Amino acid sequence: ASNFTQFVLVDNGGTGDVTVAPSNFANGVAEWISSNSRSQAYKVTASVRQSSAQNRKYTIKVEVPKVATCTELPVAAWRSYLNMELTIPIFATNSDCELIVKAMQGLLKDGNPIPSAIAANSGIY
Amino acid sequence: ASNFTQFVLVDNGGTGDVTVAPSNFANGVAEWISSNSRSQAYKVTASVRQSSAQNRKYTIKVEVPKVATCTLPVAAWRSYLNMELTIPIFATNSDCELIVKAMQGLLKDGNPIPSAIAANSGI
Amino acid sequence: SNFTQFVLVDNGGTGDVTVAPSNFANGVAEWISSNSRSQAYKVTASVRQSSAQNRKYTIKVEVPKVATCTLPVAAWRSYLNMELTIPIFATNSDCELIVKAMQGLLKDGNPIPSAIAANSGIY
Amino acid sequence: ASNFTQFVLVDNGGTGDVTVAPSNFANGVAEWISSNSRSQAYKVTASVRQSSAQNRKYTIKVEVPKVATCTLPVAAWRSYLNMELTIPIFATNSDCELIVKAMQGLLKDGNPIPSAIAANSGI
């Protein structure tokens, strides 16, 4: 409803950034898109439900391609898929949810072990 | 390796930070905990798999249980969590940097999804 | 805290069929009469955010009919659905009115329940 | 016919009721209408069908718009509803009375399901 606006999906500090405008909200799943192109655009999906007697299950997906001219018609060489889940108590206080989103913002920081084990093409340990 | 190091998880920019020390590595699941009280402190689990010729599938779990005294300290509730990350193998360093850049860009405070999480009503 | 028990059928006394909660997982509720799967009634419910701004409740009911023959056997089950779609910015009065629309539609002498109980067709 | 009458779709205990009125029948799809205007009126649509073998399946839609006038009467937000009621062919009078009583019991005034619908929350 009030959280269905366009937003920056990859930040390059200016011109090189990419935004996504909302496209659909149907059958329970949201959808943000970068451009109407079906094979050159990022993608964000999300929903919400009530998993258990006390736990909502926020699920979120991303899809990030990389395209090249490849002559001429640019095409999606590959799609770095992604998933996410977040099981949050129904009556969990607002402060606790801020803390959880802070935990994500901290786990994937600039130089943490997990972004390092992604960038360096390696595995963990 | 040098990726198995204690790292700040909930960084409140100073006094309110949280550090999880590395604790275990069995069957590939590198496991950080926060304190000796496993039933009272945070947890992070991470692992990688490549059971194909094109797809490296990561997987990360976090558990952030709120603490509370009881009529005795035990975990009132644990906000569980999952994650996955499928990356094509022939993707270079830059493109994986870009996927992680998507992660920072998704969960920043000025974005819809973290606001929806912090404002539980359905997006 | 609306995940409680209730009387689904009132037989004018002690012949009432009651159901109590039995499960709530994978976004699917469940009430049950008795643990015998091939014997009990069944209520299932969920909730989603299907359209742009529309909360779409769905409610299923299953009321099998039994008869001992030689040994209770589910002779046939009268399945059922319900898809109640309510826009999000709805007050309490309008939801009261929707529930009263349900109550009025399926009353005693109304054409639709009379059609059901006479096993005929409309008009 | 004999079951194509007008009923009180929303009984407000007196003068506040919404008396629908039969208006149409095409393709085996009955249709009541509240007010002659086709943009501010309730609408009930009850059809029956019978696959050749074992099941008679009904269908009942109820549309409950909330009116507004702030320039000009127009449907502010339609609150639709759907329904199905699958019944085996040889279900006699008693079993049809029982399933209609299943409806008359589930949607009572104090059951969990009507309250959950009237609160706009999770079940």
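Could you give the spread of the C-alpha atoms of the stretch D:1-58 along their three principal axes, from largest to smallest, in whole angstroms?
Projected onto the principal axes, the Cα atoms of the stretch D:1-58 cover 46, 24, 20 Å.
How well do other chains shield peptide A:58-69, expressed as the mean number of their Cβ atoms within 10 Å of each residue Cβ? Let's see the in-between values first.
Values: counts 7, 1, 7, 1, 6, 2, 7, 1, 7, 0, 0, 0.
Across the residues of A:58-69, the mean count of other-chain Cβ atoms within 10 Å is 3.
Starting with the fewest neighbours, write out B:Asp95, C:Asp10 ranked by other beta-carbon atoms found within 10 Å of each beta-carbon.
Working: B:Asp95 20, C:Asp10 14.
In increasing order of surrounding Cβ atoms, one gets C:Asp10, B:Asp95.
For the stretch D:56-98, what's the radius of gyration and Dmax over Cα atoms, in angstrom?
Rg then Dmax for the stretch D:56-98, in Å: 17.8, 54.
Suppose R0 equals 56 Å; then what is the FRET efficiency for D:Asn24 and B:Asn24 from their Cβ-Cβ distance, rounded to the nearest 0.05?
On the way: r = 70 Å, r/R0 = 1.26.
Calculated value: 0.20.
Once all Cα-Cα distances of the protein assembly as shown are split into 10 Å bins that start at 0, what whole-number percent is in each one?
Each 10 Å bin holds this share of Cα pairs: 3, 16, 22, 20, 17, 14, 7, 1, 0.
Among A:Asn27, A:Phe91, A:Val62, whose Cα sits farthest toward the positive end of the charge dipole of chain A (+1 at Cβ of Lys/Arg, -1 at Cβ of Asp/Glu, about the Cα centre)?
A:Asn27
Which FRET efficiency, nearest 0.05, do D:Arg38 and C:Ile88 yield, Cβ-Cβ r, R0 25 Å? Don't skip to the end; give the middle numbers.
Working: r = 25 Å, r/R0 = 1.01.
Calculated value: 0.50.
Counting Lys +1, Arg +1, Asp -1, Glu -1, what net charge surrounds A:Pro115 among other residues with beta carbon under 12 Å of its beta carbon?
Result for the neighbourhood of A:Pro115: 0.
Give me a single rounded figure for B:83-96: the average over its residues of other chain Cβ atoms within 10 Å of their Cβ.
Numbers: counts 10, 6, 8, 6, 7, 6, 2, 2, 5, 2, 4, 2, 7, 7.
Counting Cβ atoms of other protein chains within 10 Å of each residue's Cβ and averaging gives 5.
Can you pull the percent of Cα pairs in chain B with separation above 16 Å? Write down the numbers at each step before the final one.
Values: 5515 of 7503 pairs.
Considering chain B, 74 percent of its Cα-Cα pairs are separated by more than 16 Å.
Straight-line reach from D:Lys101: which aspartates and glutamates have Cα under 18 Å away, leaving out those fewer than 8 places along the same chain?
C:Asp10, C:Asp16, C:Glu62, C:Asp108, D:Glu84, D:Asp109
Which value, in debye to the nearest 20, describes the size of the charge dipole of the protein assembly as shown about its Cα centre when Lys and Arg Cβ atoms bear +1, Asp and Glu Cβ atoms bear -1, and nothing else is charged?
Numbers: 40 positive and 33 negative charges, 158 e Å.
Here the protein assembly as shown has a charge dipole of around 760 debye.
Past the 31 Å Cα-Cα mark, which pairs from B:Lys57/C:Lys56; A:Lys57/D:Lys43; C:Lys65/D:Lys43; A:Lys66/B:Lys108; A:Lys102/D:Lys66?
From the list (B:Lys57/C:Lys56; A:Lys57/D:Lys43; C:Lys65/D:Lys43; A:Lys66/B:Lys108; A:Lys102/D:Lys66), the Cα-Cα distance tops 31 Å for B:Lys57/C:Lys56; A:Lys57/D:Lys43; C:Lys65/D:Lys43; A:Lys102/D:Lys66.
Could you line up A:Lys43, B:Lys108 from fewest to most neighbouring Cβ atoms inside 10 Å?
Numbers: A:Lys43 19, B:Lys108 15.
Placing the least packed residue first, the sequence is B:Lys108, A:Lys43.
With unit charges on the beta carbon (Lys/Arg positive, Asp/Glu negative), name the residue among A:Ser39, D:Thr5, B:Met103 whose Cα is farthest towards the positive pole of the charge dipole of the protein assembly as shown.
Positive-end residue among those listed: A:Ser39.
Explain nothing, just compute: Karplus ³J(HN,Hα) = 6.51 cos²θ - 1.76 cosθ + 1.60, θ = phi - 60°, for every residue of the stretch A:94-104 in order, whole Hz, x for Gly and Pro.
Couplings: 4, 4, 4, 5, 5, 4, 5, 5, 5, 4, 5 Hz.
Take chain C, compute every pairwise Cα distance, and split them into 10 Å bins from 0; I just need the percent in each bin.
Pairs per bin, as whole percents: 10, 31, 37, 18, 3, 0.
Rule-based calculations on the coordinates, nothing more; no lab input. When we count neighbours, we look across all protein chains shown, and the Cβ atoms used for this are built from the backbone with ideal geometry, even at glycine.
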